[PDB]
Each structure stands twice: as structure tokens, then as C-alpha cells.
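Structure file upload-v8.txt (compact mmCIF, N, CA and C atoms) is printed below.
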# COMPACT_ATOMS: atom_id res chain seq x y z
N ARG A 7 9.69 227.35 -6.04
CA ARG A 7 8.90 227.67 -4.86
C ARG A 7 9.23 229.07 -4.36
N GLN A 8 8.50 230.07 -4.86
CA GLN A 8 8.74 231.47 -4.52
C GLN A 8 7.99 231.78 -3.23
N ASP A 9 8.70 231.69 -2.11
CA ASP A 9 8.13 231.96 -0.80
C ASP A 9 9.15 232.70 0.06
N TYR A 10 8.88 232.75 1.36
CA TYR A 10 9.71 233.50 2.29
C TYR A 10 11.15 233.00 2.28
N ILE A 11 12.09 233.93 2.26
CA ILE A 11 13.51 233.59 2.24
C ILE A 11 14.03 233.54 3.66
N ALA A 12 14.60 232.40 4.05
CA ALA A 12 15.19 232.24 5.37
C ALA A 12 16.22 231.12 5.32
N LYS A 13 17.33 231.31 6.02
CA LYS A 13 18.41 230.34 6.07
C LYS A 13 18.53 229.78 7.48
N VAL A 14 18.69 228.46 7.57
CA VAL A 14 18.78 227.76 8.84
C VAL A 14 20.19 227.20 8.98
N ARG A 15 20.88 227.61 10.04
CA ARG A 15 22.23 227.13 10.34
C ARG A 15 22.35 226.95 11.85
N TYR A 16 22.41 225.70 12.29
CA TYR A 16 22.56 225.42 13.72
C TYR A 16 23.92 225.92 14.22
N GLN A 17 23.92 226.50 15.41
CA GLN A 17 25.13 227.05 16.02
C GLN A 17 25.58 226.12 17.14
N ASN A 18 26.68 225.42 16.91
CA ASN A 18 27.31 224.55 17.89
C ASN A 18 28.81 224.81 17.94
N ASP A 19 29.20 226.07 17.75
CA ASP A 19 30.61 226.42 17.66
C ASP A 19 31.25 226.40 19.04
N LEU A 20 32.40 225.74 19.13
CA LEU A 20 33.11 225.64 20.40
C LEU A 20 33.72 226.99 20.76
N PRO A 21 33.63 227.42 22.02
CA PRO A 21 34.25 228.69 22.42
C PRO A 21 35.77 228.56 22.49
N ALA A 22 36.43 229.71 22.47
CA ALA A 22 37.87 229.75 22.60
C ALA A 22 38.29 229.31 24.00
N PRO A 23 39.49 228.74 24.15
CA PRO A 23 39.96 228.32 25.48
C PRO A 23 39.96 229.48 26.45
N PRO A 24 39.54 229.24 27.70
CA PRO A 24 39.40 230.35 28.66
C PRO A 24 40.72 230.79 29.28
N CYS A 25 41.63 229.84 29.50
CA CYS A 25 42.88 230.09 30.20
C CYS A 25 42.65 230.83 31.52
N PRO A 26 41.92 230.23 32.45
CA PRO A 26 41.57 230.93 33.70
C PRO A 26 42.78 231.05 34.60
N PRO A 27 42.73 231.93 35.61
CA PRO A 27 43.85 232.03 36.55
C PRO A 27 44.08 230.70 37.27
N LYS A 28 45.35 230.39 37.49
CA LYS A 28 45.73 229.11 38.07
C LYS A 28 45.81 229.21 39.59
N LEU A 29 45.25 228.21 40.27
CA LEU A 29 45.37 228.12 41.71
C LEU A 29 46.82 227.82 42.09
N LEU A 30 47.21 228.27 43.27
CA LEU A 30 48.54 228.01 43.80
C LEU A 30 48.46 226.96 44.89
N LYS A 31 49.26 225.90 44.75
CA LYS A 31 49.25 224.82 45.72
C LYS A 31 49.74 225.31 47.08
N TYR A 32 49.10 224.81 48.14
CA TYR A 32 49.51 225.16 49.48
C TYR A 32 50.87 224.56 49.79
N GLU A 33 51.51 225.08 50.84
CA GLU A 33 52.75 224.48 51.31
C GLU A 33 52.53 223.05 51.77
N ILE A 34 51.36 222.76 52.35
CA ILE A 34 51.04 221.40 52.78
C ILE A 34 50.60 220.52 51.62
N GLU A 35 50.60 221.03 50.40
CA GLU A 35 50.34 220.20 49.23
C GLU A 35 51.60 219.54 48.68
N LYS A 36 52.75 219.81 49.27
CA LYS A 36 54.02 219.23 48.84
C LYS A 36 54.43 218.14 49.82
N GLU A 37 55.07 217.09 49.30
CA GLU A 37 55.33 215.90 50.10
C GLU A 37 56.27 216.20 51.26
N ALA A 38 57.34 216.96 51.01
CA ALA A 38 58.30 217.24 52.08
C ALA A 38 57.71 218.06 53.22
N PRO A 39 56.99 219.16 52.98
CA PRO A 39 56.32 219.83 54.11
C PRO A 39 55.31 218.95 54.82
N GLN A 40 54.61 218.08 54.09
CA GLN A 40 53.71 217.13 54.74
C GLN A 40 54.47 216.23 55.70
N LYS A 41 55.61 215.71 55.25
CA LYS A 41 56.43 214.85 56.10
C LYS A 41 56.92 215.61 57.33
N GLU A 42 57.36 216.85 57.13
CA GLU A 42 57.84 217.64 58.27
C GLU A 42 56.72 217.92 59.26
N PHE A 43 55.53 218.24 58.77
CA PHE A 43 54.42 218.58 59.66
C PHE A 43 53.92 217.35 60.42
N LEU A 44 53.77 216.22 59.72
CA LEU A 44 53.25 215.02 60.38
C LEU A 44 54.24 214.46 61.40
N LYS A 45 55.53 214.53 61.11
CA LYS A 45 56.56 213.99 61.99
C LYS A 45 56.89 214.92 63.16
N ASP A 46 56.04 215.91 63.43
CA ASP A 46 56.27 216.84 64.53
C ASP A 46 56.17 216.12 65.87
N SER A 47 57.03 216.51 66.80
CA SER A 47 56.98 215.98 68.16
C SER A 47 56.05 216.77 69.07
N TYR B 349 64.12 205.56 64.03
CA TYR B 349 62.76 205.27 63.60
C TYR B 349 62.40 203.81 63.81
N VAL B 350 63.31 202.90 63.46
CA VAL B 350 63.07 201.48 63.70
C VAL B 350 62.99 201.21 65.20
N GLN B 351 63.95 201.75 65.96
CA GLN B 351 63.98 201.52 67.40
C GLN B 351 62.79 202.19 68.08
N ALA B 352 62.45 203.41 67.67
CA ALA B 352 61.30 204.09 68.26
C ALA B 352 60.00 203.36 67.93
N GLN B 353 59.87 202.86 66.70
CA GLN B 353 58.68 202.10 66.34
C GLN B 353 58.58 200.81 67.14
N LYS B 354 59.71 200.12 67.34
CA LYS B 354 59.72 198.92 68.17
C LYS B 354 59.33 199.24 69.60
N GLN B 355 59.84 200.35 70.14
CA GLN B 355 59.49 200.75 71.50
C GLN B 355 58.01 201.09 71.62
N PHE B 356 57.46 201.77 70.61
CA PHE B 356 56.04 202.08 70.61
C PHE B 356 55.20 200.80 70.56
N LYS B 357 55.61 199.83 69.74
CA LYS B 357 54.89 198.56 69.68
C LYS B 357 54.95 197.83 71.01
N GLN B 358 56.12 197.84 71.66
CA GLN B 358 56.24 197.21 72.97
C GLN B 358 55.37 197.92 74.00
N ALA B 359 55.30 199.25 73.94
CA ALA B 359 54.43 199.99 74.84
C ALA B 359 52.97 199.62 74.62
N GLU B 360 52.56 199.50 73.35
CA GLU B 360 51.19 199.09 73.06
C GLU B 360 50.91 197.69 73.59
N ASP B 361 51.85 196.77 73.40
CA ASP B 361 51.65 195.39 73.86
C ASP B 361 51.60 195.31 75.37
N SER B 362 52.38 196.13 76.07
CA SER B 362 52.34 196.13 77.53
C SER B 362 50.98 196.59 78.04
N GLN B 363 50.52 197.75 77.56
CA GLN B 363 49.23 198.30 77.97
C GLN B 363 48.53 198.84 76.73
N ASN B 364 47.46 198.16 76.30
CA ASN B 364 46.74 198.55 75.10
C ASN B 364 45.97 199.85 75.25
N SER B 365 45.76 200.33 76.48
CA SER B 365 45.02 201.57 76.69
C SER B 365 45.85 202.81 76.36
N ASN B 366 47.15 202.64 76.11
CA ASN B 366 48.02 203.77 75.80
C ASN B 366 47.83 204.20 74.35
N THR B 367 46.88 205.10 74.10
CA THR B 367 46.65 205.59 72.75
C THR B 367 47.85 206.37 72.24
N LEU B 368 48.54 207.09 73.13
CA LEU B 368 49.69 207.89 72.72
C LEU B 368 50.79 207.02 72.12
N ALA B 369 50.98 205.82 72.67
CA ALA B 369 51.97 204.90 72.12
C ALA B 369 51.62 204.49 70.70
N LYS B 370 50.34 204.19 70.44
CA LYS B 370 49.91 203.82 69.10
C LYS B 370 50.06 204.99 68.13
N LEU B 371 49.75 206.21 68.59
CA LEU B 371 49.91 207.38 67.75
C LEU B 371 51.38 207.62 67.41
N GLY B 372 52.27 207.43 68.39
CA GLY B 372 53.69 207.51 68.10
C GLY B 372 54.15 206.41 67.15
N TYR B 373 53.55 205.23 67.26
CA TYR B 373 53.85 204.15 66.32
C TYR B 373 53.47 204.54 64.90
N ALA B 374 52.29 205.14 64.73
CA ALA B 374 51.87 205.61 63.41
C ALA B 374 52.78 206.73 62.91
N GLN B 375 53.19 207.63 63.81
CA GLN B 375 54.10 208.70 63.42
C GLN B 375 55.45 208.14 62.98
N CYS B 376 55.93 207.10 63.65
CA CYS B 376 57.17 206.45 63.25
C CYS B 376 57.02 205.75 61.91
N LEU B 377 55.85 205.14 61.66
CA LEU B 377 55.57 204.58 60.35
C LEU B 377 55.64 205.65 59.27
N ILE B 378 55.08 206.83 59.56
CA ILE B 378 55.19 207.96 58.64
C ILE B 378 56.65 208.35 58.45
N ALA B 379 57.43 208.30 59.52
CA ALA B 379 58.84 208.67 59.44
C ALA B 379 59.60 207.73 58.51
N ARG B 380 59.29 206.44 58.56
CA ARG B 380 59.92 205.46 57.69
C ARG B 380 59.29 205.41 56.30
N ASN B 381 58.54 206.45 55.93
CA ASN B 381 57.90 206.58 54.62
C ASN B 381 56.90 205.45 54.35
N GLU B 382 56.41 204.80 55.41
CA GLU B 382 55.44 203.71 55.27
C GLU B 382 54.03 204.30 55.22
N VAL B 383 53.72 204.92 54.08
CA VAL B 383 52.43 205.57 53.91
C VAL B 383 51.30 204.55 53.96
N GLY B 384 51.43 203.47 53.18
CA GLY B 384 50.39 202.45 53.18
C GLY B 384 50.29 201.72 54.51
N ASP B 385 51.44 201.39 55.11
CA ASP B 385 51.43 200.69 56.39
C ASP B 385 50.80 201.55 57.48
N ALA B 386 51.16 202.83 57.52
CA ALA B 386 50.56 203.74 58.49
C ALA B 386 49.06 203.88 58.24
N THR B 387 48.65 203.94 56.97
CA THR B 387 47.23 204.04 56.66
C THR B 387 46.47 202.81 57.13
N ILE B 388 47.04 201.62 56.92
CA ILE B 388 46.37 200.39 57.35
C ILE B 388 46.28 200.35 58.88
N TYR B 389 47.37 200.69 59.57
CA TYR B 389 47.34 200.71 61.03
C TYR B 389 46.31 201.70 61.55
N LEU B 390 46.25 202.88 60.94
CA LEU B 390 45.31 203.91 61.38
C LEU B 390 43.87 203.47 61.13
N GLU B 391 43.61 202.84 59.98
CA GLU B 391 42.27 202.34 59.71
C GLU B 391 41.88 201.26 60.71
N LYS B 392 42.80 200.36 61.03
CA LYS B 392 42.52 199.33 62.03
C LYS B 392 42.18 199.95 63.37
N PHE B 393 42.98 200.92 63.81
CA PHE B 393 42.75 201.56 65.10
C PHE B 393 41.43 202.33 65.11
N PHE B 394 41.13 203.05 64.03
CA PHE B 394 39.89 203.81 63.98
C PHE B 394 38.67 202.90 63.96
N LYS B 395 38.72 201.82 63.17
CA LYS B 395 37.58 200.91 63.10
C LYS B 395 37.39 200.16 64.40
N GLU B 396 38.47 199.88 65.13
CA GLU B 396 38.32 199.28 66.45
C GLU B 396 37.89 200.30 67.50
N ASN B 397 38.21 201.57 67.30
CA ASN B 397 37.98 202.63 68.29
C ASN B 397 37.26 203.81 67.66
N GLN B 398 36.16 203.53 66.95
CA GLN B 398 35.39 204.59 66.30
C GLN B 398 34.87 205.63 67.28
N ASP B 399 34.69 205.26 68.55
CA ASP B 399 34.20 206.19 69.56
C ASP B 399 35.31 206.97 70.25
N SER B 400 36.57 206.65 69.98
CA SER B 400 37.68 207.35 70.62
C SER B 400 37.81 208.76 70.07
N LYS B 401 38.01 209.72 70.96
CA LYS B 401 38.17 211.13 70.58
C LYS B 401 39.65 211.48 70.44
N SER B 402 40.29 210.86 69.45
CA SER B 402 41.67 211.17 69.08
C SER B 402 41.61 212.14 67.91
N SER B 403 41.57 213.44 68.24
CA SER B 403 41.41 214.46 67.21
C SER B 403 42.59 214.47 66.24
N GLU B 404 43.81 214.32 66.77
CA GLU B 404 44.99 214.33 65.91
C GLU B 404 45.02 213.11 65.00
N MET B 405 44.54 211.96 65.49
CA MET B 405 44.44 210.78 64.64
C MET B 405 43.51 211.04 63.46
N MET B 406 42.37 211.68 63.72
CA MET B 406 41.43 211.97 62.64
C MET B 406 42.00 213.01 61.68
N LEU B 407 42.73 214.00 62.20
CA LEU B 407 43.38 214.96 61.32
C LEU B 407 44.39 214.28 60.41
N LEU B 408 45.19 213.36 60.97
CA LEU B 408 46.16 212.63 60.17
C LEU B 408 45.48 211.74 59.14
N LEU B 409 44.36 211.11 59.52
CA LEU B 409 43.58 210.33 58.56
C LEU B 409 43.08 211.20 57.42
N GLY B 410 42.56 212.39 57.73
CA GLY B 410 42.10 213.28 56.69
C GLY B 410 43.22 213.72 55.76
N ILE B 411 44.39 214.02 56.32
CA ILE B 411 45.53 214.42 55.50
C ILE B 411 45.97 213.28 54.59
N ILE B 412 46.03 212.06 55.14
CA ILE B 412 46.44 210.90 54.35
C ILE B 412 45.45 210.65 53.22
N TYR B 413 44.15 210.75 53.52
CA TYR B 413 43.14 210.51 52.49
C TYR B 413 43.15 211.60 51.43
N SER B 414 43.41 212.85 51.83
CA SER B 414 43.54 213.93 50.86
C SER B 414 44.74 213.69 49.94
N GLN B 415 45.85 213.21 50.50
CA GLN B 415 46.98 212.83 49.67
C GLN B 415 46.61 211.69 48.73
N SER B 416 45.83 210.73 49.22
CA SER B 416 45.33 209.66 48.37
C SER B 416 44.38 210.20 47.31
N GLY B 417 43.52 211.13 47.68
CA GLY B 417 42.58 211.74 46.74
C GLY B 417 41.26 211.03 46.55
N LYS B 418 41.31 209.72 46.28
CA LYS B 418 40.09 208.95 46.05
C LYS B 418 39.22 208.83 47.30
N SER B 419 39.81 208.96 48.49
CA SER B 419 39.10 208.81 49.76
C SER B 419 38.73 210.16 50.35
N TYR B 420 38.34 211.10 49.49
CA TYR B 420 38.06 212.46 49.94
C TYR B 420 36.92 212.50 50.95
N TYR B 421 35.97 211.58 50.84
CA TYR B 421 34.81 211.60 51.73
C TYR B 421 35.20 211.27 53.17
N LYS B 422 36.05 210.25 53.36
CA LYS B 422 36.58 210.00 54.70
C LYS B 422 37.42 211.18 55.19
N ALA B 423 38.16 211.82 54.29
CA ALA B 423 38.94 212.99 54.68
C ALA B 423 38.04 214.11 55.19
N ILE B 424 36.92 214.35 54.49
CA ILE B 424 35.97 215.36 54.94
C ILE B 424 35.40 214.99 56.30
N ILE B 425 35.00 213.73 56.47
CA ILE B 425 34.41 213.30 57.73
C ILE B 425 35.40 213.50 58.88
Encoded form (C-alpha cells):
Amino acid sequence: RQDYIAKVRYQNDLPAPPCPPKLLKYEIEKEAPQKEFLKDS
Amino acid sequence: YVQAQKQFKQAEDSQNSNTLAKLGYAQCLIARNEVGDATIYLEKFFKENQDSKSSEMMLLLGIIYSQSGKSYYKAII
């Protein structure tokens, strides 16, 4: 079958890991500061 | 903490209108690391007093629910 030459290859390639910047937990995200803040007089 | 919690409970039993006594009771529960017990007491008080304007109670409820995580919607409210 001498006709138009074309190659079909589906692209589903996974991207490389992004490694985005990491959020920093608040001081009130730790159990001990939470206890100190809630137990305030 | 045990004695203060007992005193807060006695204050509540003497006069139920003392919201400050109940809030101190919840704070003492927090002091004794009774996270679940304080949460149950706070839910009972809020559901009985949904119209009460205890801003600090609602702030504490939001903080507790955020620590829980699954109850984020009540925390937002």
C-alpha cells in the first residue's frame, strides 16, 4: 500500500516530579504551642 | 487542674447562667489533655446554646476541629 507516510504514537508520558517549595507550619500547628495558647488565663 | 475543674463544675451547678464557669471547665479539660472530653462538652454546650455569642468558645471549637482535620467545615463556620 504505497500511500502517505505518517506515524501515530499517543503521548501519555508522565512529567518529572515537580518538587515544589514546601510550606512552613505555623507555631500554632504544633501541639505544645496550642496547649500553651488555649490554657491562657 | 482536677480541683479547678471540680470548682468550675460546682459553679456551673450552682448557677447555670455562668458561661465563664463552663468555659473555664473546658479550659481545665484542655489542661488535663482531655481533648475528646473537652470537644464533647463544647459540642453539648454549643448545641444547647447555638444562639450564645461566646466568641472564644467558637474560636476554641474551630481550633479543635482544625486539629481534628475532618471537621474543617465546622472549623470554618
Nearest candidate to residue 360 of chain B (options B:409, B:374, B:383, B:424; using only C-alpha atoms):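 Using only C-alpha atoms, the shortest distance to residue 360 of chain B belongs to B:374.
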Straight-line distance linking atom C of residue 358 of chain B with atom CA of residue 373 of chain B, stated in Å to one decimal: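 Straight-line distance from atom C of residue 358 of chain B to atom CA of residue 373 of chain B works out to 10.0 Å.
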Check: which chain A residues lie within 7 Å of chain B using all atoms listed in the file, as a PyMOL selection string: chain A and resi 41+44-45
DSSP-assigned alpha helix (DSSP H) members of chain A, reported as an MDAnalysis selection string: chainID A and resid 37:44
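Rounded to one decimal, atom C of residue 362 of chain B and atom C of residue 386 of chain B lie 21.2 Å from each other.
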Gap from atom CA of residue 406 of chain B to atom CA of residue 422 of chain B - Å, one decimal: 9.5 Å
Nearby residues (all atoms listed in the file) at most 6.5 Å from residue 369 of chain B, same-chain spacing under 6 positions excluded, as a PyMOL selection string: chain B and resi 356-357+359-360
N, CA and C atoms of the current selection, written as a PDB file, keeping the file's coordinate frame:
ATOM      1  N   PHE B 356      57.460 201.770  70.610  1.00  0.00           N
ATOM      2  CA  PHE B 356      56.040 202.080  70.610  1.00  0.00           C
ATOM      3  C   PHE B 356      55.200 200.800  70.560  1.00  0.00           C
ATOM      4  N   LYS B 357      55.610 199.830  69.740  1.00  0.00           N
ATOM      5  CA  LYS B 357      54.890 198.560  69.680  1.00  0.00           C
ATOM      6  C   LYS B 357      54.950 197.830  71.010  1.00  0.00           C
ATOM      7  N   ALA B 359      55.300 199.250  73.940  1.00  0.00           N
ATOM      8  CA  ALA B 359      54.430 199.990  74.840  1.00  0.00           C
ATOM      9  C   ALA B 359      52.970 199.620  74.620  1.00  0.00           C
ATOM     10  N   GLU B 360      52.560 199.500  73.350  1.00  0.00           N
ATOM     11  CA  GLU B 360      51.190 199.090  73.060  1.00  0.00           C
ATOM     12  C   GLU B 360      50.910 197.690  73.590  1.00  0.00           C
TER      13      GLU B 360
END
Dump of segment 368-389 of chain B from preceding block, N, CA, C and O atoms, as a compact mmCIF listing (two decimals), in the first residue's frame:
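The new file part.txt reads:
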# COMPACT_ATOMS: atom_id res chain seq x y z
N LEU B 368 -18.92 31.75 81.92
CA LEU B 368 -17.49 31.79 82.20
C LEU B 368 -17.04 30.56 82.97
O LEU B 368 -15.93 30.05 82.74
N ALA B 369 -17.87 30.06 83.89
CA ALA B 369 -17.53 28.85 84.62
C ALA B 369 -17.42 27.65 83.68
O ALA B 369 -16.49 26.84 83.81
N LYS B 370 -18.35 27.52 82.74
CA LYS B 370 -18.29 26.42 81.78
C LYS B 370 -17.07 26.54 80.87
O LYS B 370 -16.44 25.53 80.53
N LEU B 371 -16.74 27.76 80.46
CA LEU B 371 -15.55 27.96 79.64
C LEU B 371 -14.28 27.61 80.40
O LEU B 371 -13.36 27.00 79.84
N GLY B 372 -14.21 27.97 81.68
CA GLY B 372 -13.09 27.54 82.50
C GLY B 372 -13.05 26.04 82.69
O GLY B 372 -11.97 25.44 82.76
N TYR B 373 -14.22 25.41 82.77
CA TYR B 373 -14.28 23.95 82.85
C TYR B 373 -13.69 23.32 81.59
O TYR B 373 -12.91 22.36 81.67
N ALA B 374 -14.05 23.85 80.42
CA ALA B 374 -13.48 23.35 79.17
C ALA B 374 -11.98 23.60 79.10
O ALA B 374 -11.22 22.75 78.63
N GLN B 375 -11.54 24.77 79.58
CA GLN B 375 -10.11 25.07 79.60
C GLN B 375 -9.36 24.10 80.51
O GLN B 375 -8.24 23.68 80.19
N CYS B 376 -9.96 23.75 81.65
CA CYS B 376 -9.35 22.77 82.54
C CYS B 376 -9.32 21.38 81.91
O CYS B 376 -8.36 20.63 82.11
N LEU B 377 -10.36 21.03 81.16
CA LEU B 377 -10.34 19.78 80.41
C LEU B 377 -9.18 19.77 79.42
O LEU B 377 -8.50 18.75 79.25
N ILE B 378 -8.96 20.90 78.74
CA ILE B 378 -7.82 21.03 77.85
C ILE B 378 -6.52 20.88 78.63
O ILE B 378 -5.55 20.26 78.15
N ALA B 379 -6.47 21.44 79.84
CA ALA B 379 -5.26 21.36 80.66
C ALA B 379 -4.94 19.91 81.02
O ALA B 379 -3.76 19.52 81.03
N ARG B 380 -5.96 19.11 81.31
CA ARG B 380 -5.76 17.70 81.63
C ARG B 380 -5.62 16.83 80.38
O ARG B 380 -5.79 15.61 80.47
N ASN B 381 -5.34 17.44 79.23
CA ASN B 381 -5.14 16.75 77.95
C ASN B 381 -6.38 15.98 77.51
O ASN B 381 -6.28 15.05 76.70
N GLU B 382 -7.55 16.36 78.02
CA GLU B 382 -8.81 15.70 77.67
C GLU B 382 -9.38 16.35 76.40
O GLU B 382 -10.36 17.09 76.42
N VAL B 383 -8.72 16.05 75.28
CA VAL B 383 -9.12 16.65 74.01
C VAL B 383 -10.52 16.19 73.62
O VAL B 383 -11.39 17.01 73.30
N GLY B 384 -10.77 14.88 73.66
CA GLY B 384 -12.08 14.37 73.31
C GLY B 384 -13.16 14.80 74.29
O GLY B 384 -14.27 15.15 73.90
N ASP B 385 -12.84 14.76 75.59
CA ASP B 385 -13.82 15.16 76.60
C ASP B 385 -14.17 16.63 76.47
O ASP B 385 -15.35 17.01 76.55
N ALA B 386 -13.17 17.48 76.26
CA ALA B 386 -13.43 18.90 76.05
C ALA B 386 -14.24 19.12 74.78
O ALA B 386 -15.13 19.97 74.75
N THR B 387 -13.94 18.37 73.72
CA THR B 387 -14.70 18.50 72.48
C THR B 387 -16.16 18.13 72.69
O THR B 387 -17.06 18.82 72.20
N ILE B 388 -16.42 17.04 73.42
CA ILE B 388 -17.80 16.62 73.67
C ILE B 388 -18.53 17.65 74.51
O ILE B 388 -19.68 18.01 74.22
N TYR B 389 -17.88 18.16 75.56
CA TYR B 389 -18.50 19.18 76.39
C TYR B 389 -18.81 20.43 75.59
O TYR B 389 -19.89 21.02 75.72
